[PDB]
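Q: this one's a deposited entry, sequence included:
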Amino acid sequence: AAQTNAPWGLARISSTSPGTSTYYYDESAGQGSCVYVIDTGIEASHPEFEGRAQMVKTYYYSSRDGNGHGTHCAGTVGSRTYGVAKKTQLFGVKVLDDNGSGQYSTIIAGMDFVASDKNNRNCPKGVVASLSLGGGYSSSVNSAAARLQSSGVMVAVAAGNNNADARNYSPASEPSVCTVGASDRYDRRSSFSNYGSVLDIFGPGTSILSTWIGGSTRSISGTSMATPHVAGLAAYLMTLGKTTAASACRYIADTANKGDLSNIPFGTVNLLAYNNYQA
């Protein structure tokens, strides 16, 4: 399938080269796969989700995404226009309040929730979790991410927006999960993207256009927005049977675009998420 004039992020993950505007993907598009967006929640009623998005858990008075960042990330994973896996099922775990903040214990509860809820969901092609959140290092948050990955969900996490080594940020520093740095449309490391040996892949992270609350759209930047690209790519990859949740992040690293990114620190992988789709 070919989506013309797609967001540069989508076109980039289906491209050996930057500067293109058409997203190419197998029409299965993550059908039968699931992506938990652990964030501020999802505007499930947004027309871009086509009834494929749904809140499954909130730890606050409402499951409504009063922030938009979780709706944005869910849009990058599997919205119809803005999404990697345009047919995946999106599940909202609102662990972040509408200010975008969440206690680690709530974030840990949401991760253990997904590890169990996936057994309440129909994901024959595989389960993915996209955590566009992060704070200082927490060996408990890392273990919660390790558990979620251990349970049979891919864990895609943001490297963080600190222009630092992600070793000091959780769940970015958890080695078993998939830590995603951010890149811009010129294949530069997104200036804000965290780096380091713990990073597993880079995704489109700068000026990412996707869904927003109020049925709208907007373009915002972050490793928190490269992460849904990789989470959507994972669900896309599990649906084609090219990988499993336990082996998706490495797979994406194995099939990535190598050495194409600029300003990658010495010691950080120079890998860009690439769907390897050949029309």
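A: Received it, and whenever you're ready, just let me know what you need. Numbers count the residues shown, from 1 in each chain.
Q: test my guess that residue 258 contacts residue 264.
A: No. Shown here, residue 258 and residue 264 do not form a contact pair, counting by C-beta atoms under 8 Å, at 10.8 Å. Using the backbone N, CA and C atoms, a C-beta is placed for each residue, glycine as well.
Q: could you pull up phi and psi at residue 233?
A: phi -60, psi -40 (degrees, to the nearest 10).
Q: for it, grab the count of nearby residues.
A: 32 (other C-beta atoms under 10 Å).
Q: the closest residue to residue 259 other than its chain neighbours: how many residues sit nearby?
A: Spatial nearest neighbour of residue 259, excluding adjacent residues (C-beta to C-beta, 6 or more residues apart in numbering): residue 270 at 4.8 Å. Neighbour count for residue 270, taken as other C-beta under 10 Å: 16.
Q: all strands of the stretch 151-279 of the chain, in order?
A: 153-158, 169-170, 178-183, 201-204, 208-212, 216-220, 257-258, 271-272 (DSSP state E, counting those that start in this stretch).
Q: right, and residue 33 touches residue 242 too?
A: No. The criterion here is C-beta under 8 Å, and residue 33 misses it with residue 242 at 11.7 Å.
Q: pick out whichever of those two has more residues nearby.
A: Comparing residue 33 with residue 242 by other C-beta under 10 Å, the one with more neighbours is residue 33, at 29 against 17.
Q: who does the more buried one bridge with?
A: residue 126 (DSSP bridges).
Q: could I get the strands of the stretch 151-279 of the chain as JSON lines with mean neighbour count and distance to residue 69?
A: Shown next, in JSON lines, are the strands of the stretch 151-279 of the chain (neighbours: other C-beta atoms under 10 Å; distance: least, C-beta to C-beta, whole Å):
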{"stretch": "strand 153-158", "mean neighbour count": "32", "distance to residue 69": "11"}
{"stretch": "strand 169-170", "mean neighbour count": "27", "distance to residue 69": "17"}
{"stretch": "strand 178-183", "mean neighbour count": "33", "distance to residue 69": "14"}
{"stretch": "strand 201-204", "mean neighbour count": "31", "distance to residue 69": "16"}
{"stretch": "strand 208-212", "mean neighbour count": "26", "distance to residue 69": "9"}
{"stretch": "strand 216-220", "mean neighbour count": "15", "distance to residue 69": "8"}
{"stretch": "strand 257-258", "mean neighbour count": "18", "distance to residue 69": "27"}
{"stretch": "strand 271-272", "mean neighbour count": "25", "distance to residue 69": "23"}
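Q: if anything else comes up later, I'll come back, but that's it for now.
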